[PDB]
Each structure stands twice: as C-alpha cells, then as structure tokens.
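Some notes on the structure that comes next.
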Amino acid sequence: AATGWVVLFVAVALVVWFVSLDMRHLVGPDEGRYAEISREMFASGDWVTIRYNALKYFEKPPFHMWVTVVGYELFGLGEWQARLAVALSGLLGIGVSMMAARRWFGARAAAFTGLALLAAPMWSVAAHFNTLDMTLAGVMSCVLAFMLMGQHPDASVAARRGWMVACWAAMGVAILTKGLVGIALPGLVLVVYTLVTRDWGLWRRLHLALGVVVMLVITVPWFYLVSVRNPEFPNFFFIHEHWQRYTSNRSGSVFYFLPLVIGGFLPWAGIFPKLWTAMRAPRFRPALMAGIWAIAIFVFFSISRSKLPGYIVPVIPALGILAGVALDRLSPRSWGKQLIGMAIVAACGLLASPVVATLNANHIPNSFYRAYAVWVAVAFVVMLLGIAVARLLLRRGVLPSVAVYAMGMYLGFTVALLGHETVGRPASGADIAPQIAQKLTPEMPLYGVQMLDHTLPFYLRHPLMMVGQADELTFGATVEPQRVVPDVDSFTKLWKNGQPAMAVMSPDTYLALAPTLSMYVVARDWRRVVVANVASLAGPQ
Ligand SMILES: CC(C)=CCC/C(C)=C/CC/C(C)=C/CC/C(C)=C/CC/C(C)=C\CC/C(C)=C/CC/C(C)=C\CC/C(C)=C/CC/C(C)=C/CC/C(C)=C/CC/C(C)=C/COP(=O)(O)O
Ligand SMILES: [Cl-]
Ligand SMILES: [Cl-]
C-alpha cells in the first residue's frame with residue numbers, strides 16, 4: 001500500500017549516503033590520521049600495536065581501525081573506504097534506533113525517528129566524516145536501543161537475556177572503540193534513571209554475570225595483548241587519555257556544546273520543548289531513559305576540561321527517538337508551524353551565505369571560501385525547496401510532509417558538506433601527491449621537518465620520519481627513538497652526507513633551512529614544501 005514511495009525514498013537516501021563518501025578529499029587531522037593508521041595496520045598485518053607514521057599511537061583503541069582495515073581488504077584504498085566505518089555506523093544508529101522506537105512507540109513513531117536522525121546534520125554529516133565519534137555513537141546507539149529492547153514487558157525472558165547480552169557486548173565494543181567512556185556513560189545514565197524513577201529492581205533485569213562476562217571476553221583480549229607487547233600502554237592510555245583529559249586542561253566554556261546541540265539538531269529545534277514533554281509520557285520508562293541519556297551525556301561533556309564537537313554525537317540517537325515521539329503527536333497545523341519557522345530559519349541561512357566569503361582559516365586563501373559560499377547558498381536553497389514541497393504535501397498528511405522535509409534537509413546539509421571540498425582539496429595536499437610519487441620510492445625517507453602532515457602520507461602511501469617536534473607522536477618518538485630524528489641538526493647531517501630522501505616542511509621551515517641547508521624543491525603547496533637532497537628528484541632551479 002503506497003510502499004513504493006518508501007522504497008524509493010530509502011533508495012534516494014542510500015545512494016546519496018554512499019556516493020557522498022567519495023565526493024571529496026580527506027581533511028585533516030582526523031580523517032587522514034585514522035585513514036593512515038588503518039592503512040599501516042592493513043599493510044603490516046599487526047592488528048594489536050596501533051602505529052601512526054611508523055611510531056606508536058596509544059591514544060585510541062582499535063575497533064574503528066579494524067573496521068576500516070576490513071574495508072581496505074574488501075575495497076582497496078581510498079576515501080569512501082576510509083569513511084565506510086562511520087557510514088555503516090550511521091546506518092546502524094538509524095536502523096537500531098528505529099527498531100527500539102517501533103518496539104516501544106509504534107511503527108509511525110519509528111518512521112519519524114528515521115526521518116529525524118536522517119535530517120539531523122550532526123548525524124548525517126558526522127556519519128560521512130572519518131572520526132571515531134560516529135562509530136562510538138552508533139555502537140552506543142546499539143547499547144541504548146538494546147537496553148530498550150530487553151526491558152520490554154511483552155518480551156520473553158529469553159528475549160530479555162538476548163538483548164541484554166547484546167547490550168553488554170555492545171558497550172564492550174564501545175569501550176573497544178573509544179575507551180572507558182562506553183561503559184562509564186551508560187552506567188551513569190542508568191544511575192540517574194534509577195535515581196529519578198526509584199526503580200532499583202531494574203538492576204536485577206540486567207544479567208550482570210553473563211553480561212559482564214560477555215563484555216570481558218571481547219574487551220580484555222586486545223588490552224592484554226597490547227599491554228604485554230607494550231608495557232607502557234596501560235599507564236598512558238588509562239591515565240593520560242582519560243583522567244588527565246577529563247579533569248585537566250581543547251578547552252572551552254560550560255556552554256560549549258549548547259549551540260553544537262541546537263546546531264546538530266537544527267531542523268527539529270522547533271520541537272525541542274516537545275521532546276521534553278515526551279519524557280513525561282513514555283513500569284519501565286523508555287522516553288525518560290532517552291532523555292536521561294541525552295541530558296546525562298550532555299552534562300558529562302559540558303563540564304569536561306577537554307572538549308571537541310564530536311563528543312556529544314552519541315546523544316543524537318536518543319534525541320532522535322524522542323523526536324519520533326514528538327512528531328507522532330503533532331496535528332497538521334502543528335507541523336505547519338514547523339515548516340513556516342524552519343522556512344524562515346533556512347531563509348536567514350540563505351541571506352547569511354556571503355559571510356563565508358570573508359573567512360580565511362588554516363592559512364587557506366579567501367578564494368576557496370568564496371567558492372564555498374556558493375555551495376552553502378545552494379544548500380540552503382535545497383532546504384527551502386524541501387520545505388516548500390513539504391508544505392505542498394502537508395494536505396496529504398503529516399508523515400509525508402515530514403518525509404519530504406527531512407529529505408530536503410538531508411540533501412541540503414549533504415550539499416553543504418560536499419561544498420567543503422573546495423577548502424579541503426588544497427589543504428589535503430592530494431594535488432602534489434602525483435608530482436611527488438613520480439620520484440619517491442618506498443625505501444626513501446620522507447622527513448617531516450617539524451610538521452606532522454596527516455593527509456599527505458596517506459595519498460603518498462608512505463609514512464613520515466618525524467624531525468624535531470613530533471607533536472602527538474612525541475610519546476611514540478620517545479619510546480622508539482631509532483625511528484625519529486630528535487633535533488634539526490641531526491636532520492641536517494642526515495641530509496648532507498646521508499641517504500637520498502625527501503622532506504615535507506612548512507614554508508617558514510623552508511625559509512629557515514634555506515640559508516644553511518641546500519635543498520631543491522620537489523613540490524610546493526599552500527602549506528607544504530617538499531624537497532629532496534639530490535638534485536635529480538626535482539626539476540628546474
Ligand atoms: C541504561 C542503558 C541505556 C544501558 C544499560 C547500561 C548498563 C548495563 C550499565 C551497567 C554497567 C555498570 C555496572 C555501571 C556502574 C555505574 C558506573 C558509572 C560505573 C563506571 C564504569 C566502571 C565500572 C569503570 C570506569 C572507571 C571510571 C572513572 C568511570 C567514570 C565514572 C563517571 C560516569 C563519571 C566520573 C567523572 C570522571 C572524572 C570520569 C573520568 C574517567 C572518564 C570516563 C573520562 C572520559 C572523559 C573524555 C573526555 C572522554 C573522551 C574520549 C577520548 C579518548 C577523546 C579523545 O579526543 P580526540 O582524540 O582529540 O578526538
Ligand atoms: Cl506547536
Ligand atoms: Cl571536505
């Protein structure tokens with residue numbers, strides 16, 4: 001019965017979902033870093049010791065790199081293979097959240113959750129950005145939604161056991177993805193829920209024994225292996241990456257995530273208060289569980305000393321579920337108010353498009369941002385078209401109007417995402433990679449002279465040899481000093497009478513080494529100067 005409109009929708013949703021992965025180049029630092037770590041883990045076969053540019057990188061656990069390496073084995077190297085983990089994680093969050101919503105609030109509310117998570121710019125945009133935030137958010141989305149599945153009164157005891165074992169295994173994979181936060185956050189949400197509901201017997205329906213066992217038999221192996229092979233791992237990873245990161249100064253104010261939420265859930269901002277109403281009318285209270293999820297995690301990261309915008313992505317799935325509740329209780333006129341208001345907001349975004357033509361960040365010229373403002377404006381135009389067609393279909397019902405609205409928003413923010421290619425392409429250094437690879441060999445060193453390039457070594461398929469300040473590889477540079485040049489003088493002596501090699505540096509570094517070290521330019525970029533010691537690997541000078 002009119003299912004062809006759904007199927008087509010999903011089709012139009014899925015194609016744009018995957019093609020958008022390969023529409024733009026990798027942008028630093030996260031995408032190039034994790035793509036390169038996955039590349040080295042893929043070429044070396046060592047899936048235990050995480051390495052970045054041949055140095056140890058013990059700042060993250062390796063589930064994301066495992067998924068991406070599988071993507072490299074099945075689909076080769078490339079951009080969409082690097083974004084495949086966060087893509088499948090976004091699809092996972094949408095699907096499993098829709099499953100929980102359908103189990104609890106019905107099929108229509110589940111459809112509204114799918115439209116809400118599909119239109120949310122943080123979920124759709126973050127699902128195409130190669131960073132561990134989206135994968136953690138999808139896995140923890142399986143955590144929350146499985147918790148909602150097992151705690152259903154109409155579910156059998158075997159069903160509750162299955163969903164709870166899958167929940168503990170889910171949060172286990174979560175801590176295997178981004179550390180102890182995948183067990184700390186859901187436990188905190190559970191504590192707050194049991195505090196406001198006074199339902200302590202809830203803890204009896206969790207299967208702590210079997211669940212804890214299933215979690216340990218999946219998280220303990222890698223930590224034990226990388227801890228035995230590298231005794232310095234647990235102190236750094238558990239102390240410096242959690243306690244020093246949360247309790248001590250990526251800083252910011254308390255309200256640092258206040259706009260990032262309102263921005264990350266912009267198309268549904270008009271129903272932000274109604275979401276709270278969903279927590280009033282959810283034994284077990286699911287909508288209150290999702291609200292305590294979003295509020296608990298939001299407060300947890302709002303008081304952290306280290307803040308990055310991707311921290312609060314896990315709150316989007318729960319925030320989506322509540323959305324699917326609110327949109328389900330709306331009359332046609334009530335949605336009309338949303339179409340009007342969001343039409344005004346999108347029109348304001350369209351009038352505010354020329355602002356991008358004034359910015360120049362990360363030492364990127366103003367021309368690329370002048371080209372970016374065009375795609376921003378086109379994006380807001382797509383949003384206005386989707387809102388218009390949604391108003392045209394409002395007479396057909398609230399569900400199809402919300403469907404066209406969410407499709408227009410998703411296409412719009414997708415256009416705004418692909419428009420960033422105009423700025424990311426000159427920064428990715430992919431244009432000079434062919435000119436470099438014509439002379440560079442795998443046996444040749446590529447000295448990163450006081451510069452940690454995240455995107456160039458990937459497109460070159462060639463690690464760096466850190467020279468001077470190694471930045472986030474300093475630890476790896478100190479544990480294994482044989483793979484790193486400590487100061488610049490050793491780089492000079494390795495350059496003059498050393499082996500044939502190339503060097504990536506900043507233009508200022510080139511101007512500093514020019515009066516002393518004789519070097520010939522191999523490739524020049526807006527942020528990179530790539531030189532060689534022998535005059536054979538360059539051209540004319
Ligand atoms: C109810 C539902 C839905 C499901 C059911 C749930 C269920 C079954 C639950 C049953 C499970 C159960 C017995 C729960 C029992 C109840 C419970 C709370 C147990 C806790 C879990 C256990 C045992 C041990 C964990 C030990 C700790 C210290 C936990 C934290 C305790 C909490 C909460 C708040 C304290 C506040 C502080 C000072 C935290 C610092 C540590 C962290 C965590 C720092 C991360 C900050 C950060 C900034 C991280 C960024 C990561 C990162 C590397 C960013 C890098 O960023 P870039 O690289 O730059 O991108
Ligand atoms: Cl209203
Ligand atoms: Cl980009």
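In the structure tokens, chains take the letters A, B, ... in the order shown, each chain's residues start at 1, and ligands count up from 1 in the order shown.
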Open item on the list: Can you pull out the residues contacting residue 131 in chain A? Cut-off 9 Å, using only C-alpha atoms, and skip same-chain residues under 5 positions away; I want them as a PyMOL selection string.
Closed with: chain A and resi 30-31+34+64+83+85-86+126+310
Open item on the list: Show me, as a VMD selection string, the residues that have an atom within 10 Å of residue 497 in chain A when counting only C-alpha atoms, minus same-chain residues fewer than 4 positions from it.
Closed with: chain A and resid 492 to 493 533
Any chance you can output those residues with N, CA, C and O atoms as a JSON list (two decimals), in the first residue's frame?
```
[["chain", "number", "residue", "atom", "x", "y", "z"],
["A", 492, "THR", "N", 70.00, 17.83, 9.46],
["A", 492, "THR", "CA", 70.98, 18.43, 8.56],
["A", 492, "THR", "C", 72.07, 17.44, 8.21],
["A", 492, "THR", "O", 72.40, 17.24, 7.03],
["A", 493, "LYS", "N", 72.65, 16.78, 9.22],
["A", 493, "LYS", "CA", 73.70, 15.80, 8.96],
["A", 493, "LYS", "C", 73.17, 14.59, 8.21],
["A", 493, "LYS", "O", 73.91, 13.97, 7.44],
["A", 533, "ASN", "N", 67.21, 15.89, -1.35],
["A", 533, "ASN", "CA", 68.62, 16.21, -1.13],
["A", 533, "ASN", "C", 69.42, 16.14, -2.42],
["A", 533, "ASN", "O", 70.31, 16.97, -2.64]]
```
TODO: Between A:153, A:270, A:263, A:448, single out the one closest to residue 510 in chain A, counting only C-alpha atoms.
DONE: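 Nearest candidate to residue 510 in chain A out of A:153, A:270, A:263, A:448: A:448.
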TODO: Looking only at alpha helix (DSSP H) from DSSP on the backbone, list the matching residues of range 38-143 of chain A as a count of residues only.
DONE: 77
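A straight line drawn from CA of residue 272 in chain A to CA of residue 326 in chain A is 9.1 Å long.
For the choices A:536, A:353, A:414, A:230, the atom-to-atom distance to ligand 3 is smallest for A:414 when using only C-alpha atoms and all ligand atoms.
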Open item on the list: My list of candidates is A:10, A:120, A:417, A:371. Which is closest to ligand 3 when distances are computed with only C-alpha atoms and all ligand atoms?
Closed with: A:417
- [ ] Name the residues in contact with residue 296 in chain A at a cut-off of 8 Å, using only C-alpha atoms, excluding same-chain residues fewer than 5 positions from it; report them as a PyMOL selection string.
- [x] chain A and resi 185+188-189+192
Open item on the list: Taking only C-alpha atoms into account, name the residue in A:332, A:498, A:201, A:78 that is nearest to residue 25 in chain A.
Closed with: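 When distances to residue 25 in chain A are compared using only C-alpha atoms, the smallest one comes from A:78.
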TODO: Produce as a VMD selection string the set of residues near ligand 1, where near means within 8 Å with only C-alpha atoms and all ligand atoms considered.
DONE: chain A and resid 30 59 to 60 131 to 133 143 to 148 164 167 to 168 171 178 to 191 193 206 208 241 to 243 245 to 247 250 289 to 290 293 300 to 301 304 to 308 310 to 311
Give me the chain A side of the contact with ligand 2, cut-off 12 Å, one line per residue showing its nearest atom pair and distance in Å at one decimal, counting only C-alpha atoms and all ligand atoms, sorted by chain and residue number, as JSON lines.
```
{"residue": "A:269", "atom": "CA", "partner": "ligand 2", "partner_atom_place_in_ligand_line": "1 (Cl)", "distance": 11.9}
{"residue": "A:270", "atom": "CA", "partner": "ligand 2", "partner_atom_place_in_ligand_line": "1 (Cl)", "distance": 8.3}
{"residue": "A:271", "atom": "CA", "partner": "ligand 2", "partner_atom_place_in_ligand_line": "1 (Cl)", "distance": 7.7}
{"residue": "A:272", "atom": "CA", "partner": "ligand 2", "partner_atom_place_in_ligand_line": "1 (Cl)", "distance": 10.7}
{"residue": "A:273", "atom": "CA", "partner": "ligand 2", "partner_atom_place_in_ligand_line": "1 (Cl)", "distance": 9.7}
{"residue": "A:274", "atom": "CA", "partner": "ligand 2", "partner_atom_place_in_ligand_line": "1 (Cl)", "distance": 8.3}
{"residue": "A:275", "atom": "CA", "partner": "ligand 2", "partner_atom_place_in_ligand_line": "1 (Cl)", "distance": 11.8}
{"residue": "A:326", "atom": "CA", "partner": "ligand 2", "partner_atom_place_in_ligand_line": "1 (Cl)", "distance": 10.2}
{"residue": "A:327", "atom": "CA", "partner": "ligand 2", "partner_atom_place_in_ligand_line": "1 (Cl)", "distance": 10.3}
{"residue": "A:329", "atom": "CA", "partner": "ligand 2", "partner_atom_place_in_ligand_line": "1 (Cl)", "distance": 10.1}
{"residue": "A:330", "atom": "CA", "partner": "ligand 2", "partner_atom_place_in_ligand_line": "1 (Cl)", "distance": 7.5}
{"residue": "A:331", "atom": "CA", "partner": "ligand 2", "partner_atom_place_in_ligand_line": "1 (Cl)", "distance": 8.5}
{"residue": "A:332", "atom": "CA", "partner": "ligand 2", "partner_atom_place_in_ligand_line": "1 (Cl)", "distance": 9.9}
{"residue": "A:333", "atom": "CA", "partner": "ligand 2", "partner_atom_place_in_ligand_line": "1 (Cl)", "distance": 7.9}
{"residue": "A:334", "atom": "CA", "partner": "ligand 2", "partner_atom_place_in_ligand_line": "1 (Cl)", "distance": 4.5}
{"residue": "A:335", "atom": "CA", "partner": "ligand 2", "partner_atom_place_in_ligand_line": "1 (Cl)", "distance": 7.2}
{"residue": "A:336", "atom": "CA", "partner": "ligand 2", "partner_atom_place_in_ligand_line": "1 (Cl)", "distance": 8.7}
{"residue": "A:337", "atom": "CA", "partner": "ligand 2", "partner_atom_place_in_ligand_line": "1 (Cl)", "distance": 6.5}
{"residue": "A:338", "atom": "CA", "partner": "ligand 2", "partner_atom_place_in_ligand_line": "1 (Cl)", "distance": 7.6}
{"residue": "A:339", "atom": "CA", "partner": "ligand 2", "partner_atom_place_in_ligand_line": "1 (Cl)", "distance": 11.0}
{"residue": "A:340", "atom": "CA", "partner": "ligand 2", "partner_atom_place_in_ligand_line": "1 (Cl)", "distance": 11.4}
{"residue": "A:341", "atom": "CA", "partner": "ligand 2", "partner_atom_place_in_ligand_line": "1 (Cl)", "distance": 10.8}
```
Would you save the residues of that selection, restricted to N, CA and C atoms, as a compact mmCIF listing (two decimals), in the first residue's frame?
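Below is the file result.txt, written as the result:
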```txt
# COMPACT_ATOMS: atom_id res chain seq x y z
N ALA A 269 14.74 21.87 15.91
CA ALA A 269 14.84 22.78 17.04
C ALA A 269 13.47 23.27 17.48
N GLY A 270 12.55 23.43 16.52
CA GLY A 270 11.22 23.92 16.86
C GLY A 270 10.45 22.98 17.77
N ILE A 271 10.79 21.69 17.74
CA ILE A 271 10.15 20.73 18.62
C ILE A 271 11.06 20.36 19.80
N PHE A 272 12.07 21.18 20.08
CA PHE A 272 12.94 20.93 21.23
C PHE A 272 12.17 20.88 22.54
N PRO A 273 11.25 21.81 22.85
CA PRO A 273 10.49 21.66 24.10
C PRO A 273 9.60 20.43 24.12
N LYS A 274 8.97 20.11 22.99
CA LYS A 274 8.08 18.95 22.94
C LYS A 274 8.82 17.66 23.26
N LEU A 275 10.10 17.58 22.88
CA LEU A 275 10.92 16.43 23.27
C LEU A 275 10.90 16.23 24.78
N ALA A 326 7.64 12.99 19.55
CA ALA A 326 7.01 14.30 19.44
C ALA A 326 6.30 14.46 18.11
N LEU A 327 7.01 14.18 17.01
CA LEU A 327 6.42 14.29 15.68
C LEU A 327 5.19 13.40 15.53
N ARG A 329 2.79 13.05 17.77
CA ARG A 329 1.65 13.66 18.44
C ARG A 329 1.27 15.01 17.86
N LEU A 330 1.73 15.32 16.65
CA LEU A 330 1.53 16.63 16.05
C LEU A 330 0.37 16.59 15.07
N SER A 331 -0.50 17.60 15.16
CA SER A 331 -1.55 17.80 14.19
C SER A 331 -0.98 18.45 12.93
N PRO A 332 -1.72 18.41 11.82
CA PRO A 332 -1.21 19.06 10.59
C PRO A 332 -0.80 20.51 10.78
N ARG A 333 -1.61 21.31 11.47
CA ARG A 333 -1.25 22.70 11.71
C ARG A 333 0.01 22.80 12.56
N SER A 334 0.15 21.92 13.56
CA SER A 334 1.33 21.95 14.42
C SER A 334 2.60 21.73 13.61
N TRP A 335 2.54 20.86 12.59
CA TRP A 335 3.69 20.72 11.71
C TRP A 335 3.81 21.91 10.77
N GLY A 336 2.69 22.52 10.40
CA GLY A 336 2.75 23.73 9.59
C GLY A 336 3.55 24.83 10.25
N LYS A 337 3.39 24.99 11.57
CA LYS A 337 4.21 25.95 12.30
C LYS A 337 5.69 25.64 12.15
N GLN A 338 6.05 24.35 12.16
CA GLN A 338 7.45 23.97 12.00
C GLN A 338 7.94 24.29 10.59
N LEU A 339 7.12 24.03 9.58
CA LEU A 339 7.52 24.34 8.21
C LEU A 339 7.72 25.84 8.02
N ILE A 340 6.84 26.66 8.62
CA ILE A 340 6.98 28.10 8.49
C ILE A 340 8.23 28.59 9.21
N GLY A 341 8.37 28.22 10.49
CA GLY A 341 9.52 28.68 11.25
C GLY A 341 10.83 28.25 10.63
```
